[PDB]
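File shown: target_36.cif. Contents: mmCIF, C-alpha atoms and all ligand atoms.
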```
data_model
loop_
_atom_site.label_atom_id
_atom_site.label_comp_id
_atom_site.auth_asym_id
_atom_site.auth_seq_id
_atom_site.Cartn_x
_atom_site.Cartn_y
_atom_site.Cartn_z
CA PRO Z 67 -3.55 43.47 -53.08
CA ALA Z 68 -1.53 41.25 -50.75
CA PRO Z 69 -1.70 41.72 -46.97
CA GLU Z 70 0.90 43.75 -45.11
CA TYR Z 71 3.11 41.49 -43.00
CA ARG Z 72 4.59 42.68 -39.72
CA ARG Z 73 8.21 41.78 -39.00
CA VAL Z 74 9.24 39.54 -36.11
CA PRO Z 75 13.03 39.68 -35.67
CA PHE Z 76 15.21 36.95 -34.21
CA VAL Z 77 16.38 37.64 -30.65
CA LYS Z 78 18.86 35.81 -28.43
CA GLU Z 79 17.45 35.06 -24.98
CA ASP Z 80 18.74 33.46 -21.79
CA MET Z 81 17.54 29.87 -21.64
CA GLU Z 82 16.85 29.92 -17.90
CA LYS Z 83 14.56 32.94 -18.25
CA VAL Z 84 12.52 31.48 -21.12
CA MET Z 85 11.86 28.41 -18.94
CA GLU Z 86 9.81 30.63 -16.62
CA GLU Z 87 7.26 30.91 -19.47
CA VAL Z 88 6.80 27.24 -20.41
CA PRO Z 89 3.38 25.91 -19.32
CA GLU Z 90 3.33 23.43 -16.46
CA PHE Z 91 3.28 19.78 -17.52
CA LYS Z 92 3.25 16.56 -15.49
CA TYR Z 93 3.69 12.95 -16.57
CA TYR Z 94 4.09 11.44 -13.08
CA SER H 2 12.52 25.75 -28.33
CA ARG H 3 15.30 24.33 -26.17
CA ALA H 4 13.43 25.37 -23.02
CA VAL H 5 10.37 23.33 -24.03
CA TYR H 6 12.49 20.30 -24.94
CA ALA H 7 14.19 20.49 -21.54
CA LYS H 8 10.91 20.33 -19.60
CA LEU H 9 9.72 17.34 -21.63
CA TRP H 10 13.01 15.53 -20.97
CA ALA H 11 12.74 16.16 -17.21
CA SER H 12 9.11 15.01 -16.94
CA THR H 13 10.31 11.44 -16.23
CA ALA H 14 13.32 12.22 -14.03
CA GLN H 15 11.79 10.74 -10.84
CA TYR H 16 11.24 7.18 -12.10
CA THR H 17 12.65 5.63 -8.93
CA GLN H 18 10.41 7.68 -6.64
CA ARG H 19 7.28 6.83 -8.62
CA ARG H 20 8.08 3.11 -8.38
CA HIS H 21 8.28 3.56 -4.60
CA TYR H 22 4.83 5.17 -4.64
CA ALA H 23 3.62 2.10 -6.54
CA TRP H 24 5.01 -0.12 -3.78
CA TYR H 25 2.93 1.72 -1.18
CA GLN H 26 -0.31 1.51 -3.18
CA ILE H 27 -0.06 -2.25 -3.79
CA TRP H 28 1.11 -3.18 -0.29
CA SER H 29 -1.81 -1.25 1.20
CA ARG H 30 -4.25 -3.44 -0.74
CA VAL H 31 -2.47 -6.69 0.15
CA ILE H 32 -1.62 -6.28 3.84
CA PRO H 33 -5.19 -6.87 5.16
CA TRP H 34 -4.92 -10.53 4.10
CA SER H 35 -2.71 -11.01 7.18
CA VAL H 36 -5.77 -10.94 9.48
CA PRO H 37 -7.61 -14.00 8.07
CA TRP H 38 -4.37 -15.99 7.89
CA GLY H 39 -3.49 -14.80 11.40
CA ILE H 40 -6.77 -15.90 12.96
CA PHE H 41 -6.39 -19.40 11.51
CA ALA H 42 -2.82 -19.74 12.80
CA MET H 43 -3.75 -18.92 16.40
CA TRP H 44 -6.85 -21.11 16.01
CA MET H 45 -4.57 -24.05 15.16
CA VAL H 46 -1.95 -23.64 17.92
CA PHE H 47 -4.43 -22.74 20.68
CA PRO H 48 -4.91 -26.33 21.97
CA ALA H 49 -1.15 -26.95 22.22
CA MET H 50 -0.63 -24.17 24.78
CA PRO H 51 -0.96 -24.49 28.56
CA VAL H 52 -4.33 -24.14 30.24
CA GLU H 53 -3.21 -21.00 32.08
CA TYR H 54 -2.39 -19.20 28.84
CA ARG H 55 -5.61 -20.28 27.11
CA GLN H 56 -7.65 -18.50 29.80
CA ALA H 57 -5.68 -15.26 29.37
CA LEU H 58 -6.11 -14.67 25.62
CA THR H 59 -9.90 -15.02 26.07
CA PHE H 60 -10.39 -12.97 29.27
CA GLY H 61 -11.60 -15.90 31.34
CA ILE H 62 -14.23 -16.95 28.80
CA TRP H 63 -12.64 -20.26 27.84
CA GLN H 64 -12.75 -23.08 30.39
CA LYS H 65 -11.98 -26.78 30.44
CA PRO H 66 -14.62 -29.07 28.89
CA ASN H 67 -17.16 -30.63 31.25
CA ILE H 68 -17.95 -34.08 29.85
CA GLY H 69 -18.54 -35.91 33.14
CA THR H 70 -15.23 -37.71 33.72
CA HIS H 71 -12.08 -37.36 35.85
CA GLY H 72 -13.64 -35.76 38.89
CA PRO H 73 -12.11 -35.14 42.32
CA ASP H 74 -11.17 -38.14 44.47
CA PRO H 75 -13.09 -38.43 47.78
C1 LIG O 101 -30.06 -16.78 6.23
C2 LIG O 101 -29.40 -18.11 6.39
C3 LIG O 101 -29.44 -18.61 7.82
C4 LIG O 101 -29.15 -20.09 7.96
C5 LIG O 101 -29.29 -20.61 9.38
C6 LIG O 101 -28.22 -20.12 10.34
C7 LIG O 101 -26.81 -20.43 9.89
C8 LIG O 101 -25.78 -20.37 11.00
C9 LIG O 101 -25.96 -21.44 12.07
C10 LIG O 101 -24.66 -22.08 12.51
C11 LIG O 101 -24.81 -23.01 13.71
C12 LIG O 101 -23.54 -23.76 14.06
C13 LIG O 101 -23.15 -24.83 13.06
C14 LIG O 101 -22.02 -25.72 13.52
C15 LIG O 101 -20.65 -25.07 13.50
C16 LIG O 101 -19.71 -25.58 14.56
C17 LIG O 101 -19.46 -27.08 14.52
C18 LIG O 101 -18.34 -27.49 13.61
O1 LIG O 101 -18.30 -27.27 12.43
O2 LIG O 101 -17.39 -28.12 14.28
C19 LIG O 101 -16.45 -28.92 13.53
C20 LIG O 101 -16.67 -30.36 13.89
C21 LIG O 101 -16.39 -30.63 15.35
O3 LIG O 101 -15.92 -29.42 15.99
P1 LIG O 101 -14.98 -29.52 17.28
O4 LIG O 101 -13.58 -29.70 16.84
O5 LIG O 101 -15.58 -30.52 18.18
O6 LIG O 101 -15.10 -28.10 18.01
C22 LIG O 101 -14.36 -27.86 19.22
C23 LIG O 101 -14.19 -26.37 19.42
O7 LIG O 101 -13.52 -25.80 18.29
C24 LIG O 101 -13.43 -26.03 20.68
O8 LIG O 101 -12.28 -25.23 20.34
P2 LIG O 101 -11.15 -24.96 21.43
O9 LIG O 101 -11.75 -25.07 22.78
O10 LIG O 101 -9.96 -25.79 21.12
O11 LIG O 101 -10.76 -23.42 21.22
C25 LIG O 101 -11.78 -22.41 21.31
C26 LIG O 101 -11.14 -21.06 21.46
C27 LIG O 101 -10.24 -20.74 20.29
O12 LIG O 101 -9.52 -19.52 20.57
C28 LIG O 101 -8.51 -19.23 19.75
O13 LIG O 101 -8.04 -20.01 18.97
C29 LIG O 101 -8.04 -17.82 19.92
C30 LIG O 101 -8.47 -17.20 21.24
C31 LIG O 101 -7.74 -15.91 21.56
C32 LIG O 101 -8.09 -14.74 20.66
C33 LIG O 101 -7.37 -13.45 21.02
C34 LIG O 101 -7.83 -12.23 20.25
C35 LIG O 101 -7.06 -10.97 20.59
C36 LIG O 101 -7.53 -9.73 19.84
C37 LIG O 101 -8.89 -9.22 20.28
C38 LIG O 101 -9.34 -7.97 19.55
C39 LIG O 101 -10.61 -7.34 20.11
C40 LIG O 101 -11.05 -6.09 19.37
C41 LIG O 101 -12.25 -5.40 20.00
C42 LIG O 101 -12.69 -4.14 19.27
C43 LIG O 101 -13.82 -3.39 19.95
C44 LIG O 101 -14.25 -2.13 19.23
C45 LIG O 101 -15.33 -1.37 19.96
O14 LIG O 101 -12.21 -20.07 21.47
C46 LIG O 101 -12.58 -19.57 22.66
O15 LIG O 101 -12.07 -19.87 23.70
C47 LIG O 101 -13.73 -18.61 22.51
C48 LIG O 101 -13.30 -17.21 22.09
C49 LIG O 101 -13.55 -16.17 23.16
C50 LIG O 101 -12.73 -14.90 22.99
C51 LIG O 101 -13.36 -13.85 22.09
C52 LIG O 101 -12.52 -13.51 20.87
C53 LIG O 101 -12.64 -14.52 19.75
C54 LIG O 101 -11.71 -14.26 18.57
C55 LIG O 101 -12.03 -13.00 17.78
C56 LIG O 101 -11.11 -12.80 16.59
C57 LIG O 101 -11.35 -11.51 15.83
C58 LIG O 101 -12.69 -11.44 15.12
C59 LIG O 101 -12.90 -10.17 14.30
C60 LIG O 101 -11.94 -10.01 13.13
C61 LIG O 101 -12.23 -8.81 12.25
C62 LIG O 101 -12.01 -7.46 12.92
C63 LIG O 101 -10.58 -7.22 13.33
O16 LIG O 101 -15.75 -31.18 13.09
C64 LIG O 101 -16.26 -31.94 12.11
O17 LIG O 101 -17.44 -32.08 11.92
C65 LIG O 101 -15.18 -32.59 11.30
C66 LIG O 101 -15.74 -33.48 10.20
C67 LIG O 101 -14.70 -33.92 9.18
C68 LIG O 101 -14.31 -32.83 8.21
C69 LIG O 101 -13.49 -33.32 7.03
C70 LIG O 101 -12.96 -32.20 6.16
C71 LIG O 101 -12.30 -32.68 4.88
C72 LIG O 101 -11.25 -33.75 5.10
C73 LIG O 101 -10.40 -34.03 3.88
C74 LIG O 101 -9.38 -32.95 3.59
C75 LIG O 101 -8.66 -33.12 2.28
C76 LIG O 101 -9.46 -32.65 1.08
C77 LIG O 101 -9.69 -31.15 1.05
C78 LIG O 101 -11.11 -30.73 1.37
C79 LIG O 101 -11.31 -29.22 1.46
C80 LIG O 101 -12.75 -28.81 1.73
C81 LIG O 101 -12.94 -27.32 1.83
#
```

Let me see the structure of the file written as C-alpha cells.
Amino acid sequence: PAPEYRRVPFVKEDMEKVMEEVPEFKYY
Amino acid sequence: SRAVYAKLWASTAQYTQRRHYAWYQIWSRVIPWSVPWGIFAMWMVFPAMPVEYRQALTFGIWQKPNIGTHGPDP
C-alpha cells in the first residue's frame, strides 16, 4: 500500500517576479 | 533557481564601497595620535618664537625667567 503522491507541474514564471520571493541576504 | 543564484552573485557587488567604509573605521582609530605628537612639536619650537607670541598662546601665564641678572640701568 504505497502512499498517494500529489502532482506538482512545471510552470514558466517571470524571473523578476520570482525575485520578490527570495529571502533577504547580506554579505556586506 | 536562477533568481536565487542572481541574489547570491549580487551580494558582493559593492566591494569598492565597503573598502571605503573600512578606511573610515581605521582612520578614526588612528587620528587621535596626532594630539600627543602635536603637543611635543609645539613644546619643541616654543623657545624659538618671539617673547610677544609666547605670552599669547598661554594667556599671559608665561613670563620671562627671573634669575637675578640683567636688570635695569640706573
Ligand atoms: C602615586 C605616585 C605619586 C608619586 C609622587 C608624585 C609624582 C609627581 C611629582 C612630579 C614633580 C616634578 C618632577 C620634575 C619634572 C620637571 C623637571 C624636569 O624633568 O625637567 C627636565 C630637566 C630640566 O628642565 P628644564 O629644561 O630646566 O625646564 C624648563 C621648562 O621646560 C621651561 O619651559 P619653557 O619656559 O621653555 O616653556 C614652557 C611653556 C611651554 O608651552 C608650550 O610649549 C605650549 C604653550 C601653548 C599651548 C597652547 C594650547 C592651545 C590649546 C588649548 C586648549 C584648551 C582646552 C580647554 C578645554 C576646557 C573644557 C572645559 O609652558 C608654559 O608657558 C605653561 C603653560 C601654560 C598654558 C596652559 C596650557 C598648557 C598646554 C596644555 C596642552 C593640552 C593638555 C591636554 C591634552 C588632552 C586634552 C585635549 O632636564 C633634565 O634633567 C635633563 C637631564 C638629561 C636628560 C638626558 C636624556 C637622555 C639623553 C640621551 C638620549 C639618547 C638615548 C635615548 C634615551 C631615551 C630615554 C627615554

Open item on the list: Please find the residues of chain Z near chain H - the criterion being any atom within 12 Å, counting all atoms listed in the file - and write them as JSON, numbers by chain.
Closed with: {"Z": [78, 79, 80, 81, 82, 83, 84, 85, 86, 87, 88, 89, 90, 91, 92, 93, 94]}

- [ ] Would you work out the distance separating atom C20 of ligand LIG 101 (chain O) from atom CA of residue 67 of chain H, expressed in Å to one decimal?
- [x]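 Atom-to-atom, atom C20 of ligand LIG 101 (chain O) to atom CA of residue 67 of chain H, that is 17.4 Å.
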
TODO: Let me have all residues with an atom within 7 Å of ligand LIG 101 (chain O), counting only C-alpha atoms and all ligand atoms, laid out as a PyMOL selection string.
DONE: chain H and resi 40+43-45+47-48+58-60+62-63

TODO: Just give me the gap between atom CA of residue 73 of chain H and atom CA of residue 52 of chain H in Å, one decimal is fine.
DONE: 18.1 Å

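The space separating atom CA of residue 65 of chain H from atom CA of residue 46 of chain H comes to 16.3 Å.
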